[PDB]
file target34.cif (mmCIF, C-alpha atoms; chains and numbers go by the auth columns)
data_final
#
loop_
_atom_site.group_PDB
_atom_site.id
_atom_site.type_symbol
_atom_site.label_atom_id
_atom_site.label_comp_id
_atom_site.label_asym_id
_atom_site.label_seq_id
_atom_site.Cartn_x
_atom_site.Cartn_y
_atom_site.Cartn_z
_atom_site.B_iso_or_equiv
_atom_site.auth_seq_id
_atom_site.auth_asym_id
ATOM 1 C CA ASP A 1 -26.330 -21.693 -139.721 0.00 1 L
ATOM 2 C CA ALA A 2 -29.371 -20.827 -137.559 0.00 2 L
ATOM 3 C CA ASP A 3 -32.103 -21.260 -140.185 0.00 3 L
ATOM 4 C CA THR A 4 -33.612 -23.921 -137.840 0.00 4 L
ATOM 5 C CA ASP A 5 -36.037 -25.389 -140.353 0.00 5 L
ATOM 6 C CA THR A 6 -38.606 -27.720 -138.796 0.00 6 L
ATOM 7 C CA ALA A 7 -40.485 -30.743 -140.147 0.00 7 L
ATOM 8 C CA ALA A 8 -52.343 -32.369 -137.276 0.00 8 L
ATOM 9 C CA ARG A 9 -52.415 -30.300 -140.470 0.00 9 L
ATOM 10 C CA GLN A 10 -49.460 -28.214 -139.236 0.00 10 L
ATOM 11 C CA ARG A 11 -46.927 -30.844 -140.309 0.00 11 L
ATOM 12 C CA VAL A 12 -49.069 -31.880 -143.294 0.00 12 L
ATOM 13 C CA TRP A 13 -48.953 -28.484 -144.987 0.00 13 L
ATOM 14 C CA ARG A 14 -45.228 -28.246 -144.251 0.00 14 L
ATOM 15 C CA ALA A 15 -44.747 -31.604 -145.982 0.00 15 L
ATOM 16 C CA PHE A 16 -46.702 -30.100 -148.873 0.00 16 L
ATOM 17 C CA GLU A 17 -44.321 -27.125 -148.720 0.00 17 L
ATOM 18 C CA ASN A 18 -41.386 -29.559 -148.727 0.00 18 L
ATOM 19 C CA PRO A 19 -40.119 -29.750 -152.340 0.00 19 L
ATOM 20 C CA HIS A 20 -39.356 -33.492 -152.103 0.00 20 L
ATOM 21 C CA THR A 21 -41.286 -35.947 -149.920 0.00 21 L
ATOM 22 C CA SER A 22 -40.741 -38.740 -152.466 0.00 22 L
ATOM 23 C CA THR A 23 -44.276 -40.018 -153.049 0.00 23 L
ATOM 24 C CA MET A 24 -46.330 -36.942 -152.140 0.00 24 L
ATOM 25 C CA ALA A 25 -44.458 -33.713 -152.921 0.00 25 L
ATOM 26 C CA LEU A 26 -43.147 -34.853 -156.312 0.00 26 L
ATOM 27 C CA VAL A 27 -46.706 -35.590 -157.444 0.00 27 L
ATOM 28 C CA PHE A 28 -48.058 -32.410 -155.847 0.00 28 L
ATOM 29 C CA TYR A 29 -45.586 -30.187 -157.696 0.00 29 L
ATOM 30 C CA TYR A 30 -45.272 -32.028 -161.024 0.00 30 L
ATOM 31 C CA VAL A 31 -49.035 -32.123 -161.573 0.00 31 L
ATOM 32 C CA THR A 32 -49.340 -28.403 -160.778 0.00 32 L
ATOM 33 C CA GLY A 33 -46.491 -27.642 -163.168 0.00 33 L
ATOM 34 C CA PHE A 34 -48.272 -29.638 -165.854 0.00 34 L
ATOM 35 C CA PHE A 35 -51.457 -27.650 -165.211 0.00 35 L
ATOM 36 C CA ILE A 36 -49.691 -24.294 -165.463 0.00 36 L
ATOM 37 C CA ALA A 37 -47.809 -25.382 -168.598 0.00 37 L
ATOM 38 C CA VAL A 38 -50.934 -26.595 -170.391 0.00 38 L
ATOM 39 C CA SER A 39 -52.769 -23.431 -169.318 0.00 39 L
ATOM 40 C CA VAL A 40 -50.125 -21.070 -170.683 0.00 40 L
ATOM 41 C CA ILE A 41 -49.666 -23.031 -173.911 0.00 41 L
ATOM 42 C CA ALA A 42 -53.452 -23.090 -174.403 0.00 42 L
ATOM 43 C CA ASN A 43 -53.602 -19.324 -173.895 0.00 43 L
ATOM 44 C CA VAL A 44 -50.850 -19.013 -176.510 0.00 44 L
ATOM 45 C CA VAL A 45 -52.335 -21.362 -179.124 0.00 45 L
ATOM 46 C CA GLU A 46 -55.788 -19.756 -179.102 0.00 46 L
ATOM 47 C CA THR A 47 -54.283 -17.112 -181.431 0.00 47 L
ATOM 48 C CA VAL A 48 -52.874 -19.157 -184.340 0.00 48 L
ATOM 49 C CA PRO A 49 -55.338 -19.050 -187.300 0.00 49 L
ATOM 50 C CA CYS A 50 -55.787 -22.809 -187.652 0.00 50 L
ATOM 51 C CA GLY A 51 -55.983 -23.257 -183.872 0.00 51 L
ATOM 52 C CA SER A 52 -58.954 -21.207 -182.656 0.00 52 L
ATOM 53 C CA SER A 53 -59.962 -18.226 -184.828 0.00 53 L
ATOM 54 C CA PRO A 54 -61.704 -17.532 -188.182 0.00 54 L
ATOM 55 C CA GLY A 55 -58.332 -17.887 -189.903 0.00 55 L
ATOM 56 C CA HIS A 56 -59.297 -20.968 -191.917 0.00 56 L
ATOM 57 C CA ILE A 57 -63.087 -21.107 -191.358 0.00 57 L
ATOM 58 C CA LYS A 58 -63.959 -18.316 -193.803 0.00 58 L
ATOM 59 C CA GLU A 59 -64.057 -20.930 -196.571 0.00 59 L
ATOM 60 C CA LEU A 60 -66.221 -23.272 -194.471 0.00 60 L
ATOM 61 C CA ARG A 61 -60.487 -26.692 -186.233 0.00 61 L
ATOM 62 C CA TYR A 62 -62.015 -23.526 -184.776 0.00 62 L
ATOM 63 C CA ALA A 63 -63.686 -25.318 -181.864 0.00 63 L
ATOM 64 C CA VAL A 64 -64.227 -22.910 -178.957 0.00 64 L
ATOM 65 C CA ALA A 65 -63.487 -25.400 -176.190 0.00 65 L
ATOM 66 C CA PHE A 66 -60.137 -24.124 -174.882 0.00 66 L
ATOM 67 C CA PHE A 67 -62.339 -21.799 -172.830 0.00 67 L
ATOM 68 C CA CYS A 68 -63.396 -24.910 -170.905 0.00 68 L
ATOM 69 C CA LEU A 69 -59.722 -25.793 -170.430 0.00 69 L
ATOM 70 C CA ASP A 70 -59.104 -22.297 -169.053 0.00 70 L
ATOM 71 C CA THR A 71 -62.051 -22.691 -166.673 0.00 71 L
ATOM 72 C CA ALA A 72 -60.757 -26.056 -165.454 0.00 72 L
ATOM 73 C CA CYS A 73 -57.222 -24.787 -164.918 0.00 73 L
ATOM 74 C CA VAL A 74 -58.323 -21.637 -163.085 0.00 74 L
ATOM 75 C CA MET A 75 -60.463 -23.953 -160.948 0.00 75 L
ATOM 76 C CA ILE A 76 -57.299 -25.910 -160.149 0.00 76 L
ATOM 77 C CA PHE A 77 -55.539 -22.620 -159.387 0.00 77 L
ATOM 78 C CA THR A 78 -58.220 -21.423 -156.975 0.00 78 L
ATOM 79 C CA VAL A 79 -58.563 -24.764 -155.167 0.00 79 L
ATOM 80 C CA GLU A 80 -54.778 -24.869 -154.767 0.00 80 L
ATOM 81 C CA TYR A 81 -54.876 -21.293 -153.460 0.00 81 L
ATOM 82 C CA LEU A 82 -57.507 -22.354 -150.920 0.00 82 L
ATOM 83 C CA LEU A 83 -55.247 -25.247 -149.907 0.00 83 L
ATOM 84 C CA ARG A 84 -52.373 -22.773 -149.482 0.00 84 L
ATOM 85 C CA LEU A 85 -54.610 -20.539 -147.359 0.00 85 L
ATOM 86 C CA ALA B 1 -33.926 -43.190 -159.264 0.00 1 R
ATOM 87 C CA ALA B 2 -36.031 -46.352 -159.439 0.00 2 R
ATOM 88 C CA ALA B 3 -38.390 -45.060 -156.746 0.00 3 R
ATOM 89 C CA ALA B 4 -38.288 -41.631 -158.394 0.00 4 R
ATOM 90 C CA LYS B 5 -39.162 -43.239 -161.733 0.00 5 R
ATOM 91 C CA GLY B 6 -42.009 -45.153 -160.093 0.00 6 R
ATOM 92 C CA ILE B 7 -43.518 -42.074 -158.470 0.00 7 R
ATOM 93 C CA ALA B 8 -43.055 -40.203 -161.761 0.00 8 R
ATOM 94 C CA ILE B 9 -45.031 -42.951 -163.509 0.00 9 R
ATOM 95 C CA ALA B 10 -47.689 -42.697 -160.790 0.00 10 R
ATOM 96 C CA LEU B 11 -48.092 -38.948 -161.301 0.00 11 R
ATOM 97 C CA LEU B 12 -48.049 -39.593 -165.057 0.00 12 R
ATOM 98 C CA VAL B 13 -51.052 -41.896 -164.654 0.00 13 R
ATOM 99 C CA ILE B 14 -52.882 -39.435 -162.406 0.00 14 R
ATOM 100 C CA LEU B 15 -52.340 -36.687 -164.984 0.00 15 R
ATOM 101 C CA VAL B 16 -53.395 -38.937 -167.879 0.00 16 R
ATOM 102 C CA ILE B 17 -56.684 -39.600 -166.084 0.00 17 R
ATOM 103 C CA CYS B 18 -57.164 -35.848 -165.611 0.00 18 R
ATOM 104 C CA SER B 19 -56.410 -35.270 -169.301 0.00 19 R
ATOM 105 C CA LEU B 20 -59.032 -37.875 -170.206 0.00 20 R
ATOM 106 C CA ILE B 21 -61.455 -36.071 -167.888 0.00 21 R
ATOM 107 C CA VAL B 22 -60.666 -32.854 -169.779 0.00 22 R
ATOM 108 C CA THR B 23 -61.367 -34.634 -173.073 0.00 23 R
ATOM 109 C CA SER B 24 -64.697 -35.799 -171.651 0.00 24 R
ATOM 110 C CA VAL B 25 -65.407 -32.191 -170.639 0.00 25 R
ATOM 111 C CA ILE B 26 -64.656 -30.805 -174.099 0.00 26 R
ATOM 112 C CA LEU B 27 -66.808 -33.538 -175.657 0.00 27 R
ATOM 113 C CA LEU B 28 -69.552 -32.808 -173.101 0.00 28 R
ATOM 114 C CA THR B 29 -70.729 -29.814 -175.186 0.00 29 R
ATOM 115 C CA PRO B 30 -69.798 -30.677 -178.784 0.00 30 R
ATOM 116 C CA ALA B 31 -71.070 -29.017 -181.951 0.00 31 R
ATOM 117 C CA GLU B 32 -69.220 -30.956 -184.658 0.00 32 R
ATOM 118 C CA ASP B 33 -72.104 -30.764 -187.152 0.00 33 R
ATOM 119 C CA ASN B 34 -74.935 -28.222 -187.058 0.00 34 R
ATOM 120 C CA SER B 35 -78.217 -28.968 -188.812 0.00 35 R
ATOM 121 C CA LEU B 36 -78.966 -26.315 -191.427 0.00 36 R
ATOM 122 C CA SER B 37 -80.771 -26.077 -194.752 0.00 37 R
ATOM 123 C CA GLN B 38 -77.638 -24.727 -196.493 0.00 38 R
ATOM 124 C CA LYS B 39 -79.467 -24.431 -199.819 0.00 39 R
ATOM 125 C CA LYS B 40 -81.134 -21.809 -201.999 0.00 40 R
ATOM 126 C CA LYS B 41 -83.354 -19.112 -200.500 0.00 41 R
ATOM 127 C CA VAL B 42 -86.837 -17.985 -201.606 0.00 42 R
ATOM 128 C CA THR B 43 -87.215 -15.243 -204.220 0.00 43 R
ATOM 129 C CA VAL B 44 -90.146 -13.709 -206.080 0.00 44 R
ATOM 130 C CA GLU B 45 -89.182 -15.599 -209.250 0.00 45 R
ATOM 131 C CA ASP B 46 -89.852 -18.974 -207.624 0.00 46 R
ATOM 132 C CA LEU B 47 -93.071 -17.495 -206.230 0.00 47 R
ATOM 133 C CA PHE B 48 -94.127 -16.816 -209.822 0.00 48 R
ATOM 134 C CA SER B 49 -92.625 -20.118 -210.981 0.00 49 R
ATOM 135 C CA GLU B 50 -94.972 -23.027 -211.644 0.00 50 R
ATOM 136 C CA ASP B 51 -93.380 -24.972 -208.769 0.00 51 R
#

call {"tool": "encode", "arguments": {"input": "target34.cif", "output": "structure tokens"}}
result
Amino acid sequence: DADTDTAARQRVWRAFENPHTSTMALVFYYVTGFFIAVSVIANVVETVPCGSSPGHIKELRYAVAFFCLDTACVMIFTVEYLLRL
Amino acid sequence: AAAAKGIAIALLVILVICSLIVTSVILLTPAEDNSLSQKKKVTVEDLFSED
């Protein structure tokens, strides 16, 4: 009963911590979830032969660009960590 | 609901723009076709050939 949760940046980062502030928090969390999902699925799919490997290039797509996606998403991770700090 | 759907569409747009930025990034350093001779090498026989 006595959890006494409260509500310039001191209230701003709490509103960020708030799971649902309608306009702001929903965006802030959904976009981060999309980033983490695309990051993990990209890390997974870099293994399938046709995806990114010499599994179908021996005859002759294997474009090494998911590394750039990993760089971008870890950039998002570190900037979000700085925001959390 | 309706407001939730609207803000969901807003975040959908702001993630679509980021995805397009990612596509621009991956096309920023493309190597679709690499220029190469891809033909026969040079041997001693063609050295001694009339060509």

call {"tool": "interface_residues", "arguments": {"input": "target34.cif", "of": "chain R", "to": "chain L", "cutoff": "7 Å", "atoms": "only C-alpha atoms", "output": "PDB file with C-alpha atoms, keeping the file's coordinate frame"}}
result
ATOM      1  CA  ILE R   7     -43.518 -42.074-158.470  1.00  0.00           C
ATOM      2  CA  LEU R  11     -48.092 -38.948-161.301  1.00  0.00           C
ATOM      3  CA  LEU R  15     -52.340 -36.687-164.984  1.00  0.00           C
ATOM      4  CA  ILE R  26     -64.656 -30.805-174.099  1.00  0.00           C
TER       5      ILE R  26
END

call {"tool": "closest_residue", "arguments": {"input": "target34.cif", "among": "L:62, L:21, L:10, L:15", "to": "residue 3 of chain R", "atoms": "only C-alpha atoms"}}
result
L:21

call {"tool": "resolve_selection", "arguments": {"input": "target34.cif", "expression": "the PyMOL selection byres ((chain L and resi 43) around 12)", "output": "count of residues only"}}
result
22

call {"tool": "closest_residue", "arguments": {"input": "target34.cif", "among": "L:60, L:85, L:75, L:50", "to": "residue 13 of chain L", "atoms": "all atoms listed in the file"}}
result
L:85

call {"tool": "residues_near_point", "arguments": {"input": "target34.cif", "point": "(-52.3, -24.1, -146.8)", "cutoff": "9 Å", "atoms": "all atoms listed in the file", "output": "number ranges by chain"}}
result
L: 9, 13-14, 16-17, 80-85

call {"tool": "atom_distance", "arguments": {"input": "target34.cif", "atom1": "atom CA of residue 79 of chain L", "atom2": "atom CA of residue 9 of chain R"}}
result
24.2 Å

call {"tool": "atom_distance", "arguments": {"input": "target34.cif", "atom1": "atom CA of residue 29 of chain R", "atom2": "atom CA of residue 78 of chain L"}}
result
23.6 Å

call {"tool": "atom_distance", "arguments": {"input": "target34.cif", "atom1": "atom CA of residue 12 of chain R", "atom2": "atom CA of residue 25 of chain L"}}
result
14.0 Å

call {"tool": "axis_aligned_box", "arguments": {"input": "target34.cif", "around": "segment 4-17 of chain L", "padding_each_side": "6 Å", "output": "JSON"}}
result
{"center_x": -43.0, "center_y": -28.1, "center_z": -143.1, "size_x": 30.8, "size_y": 20.4, "size_z": 23.6}
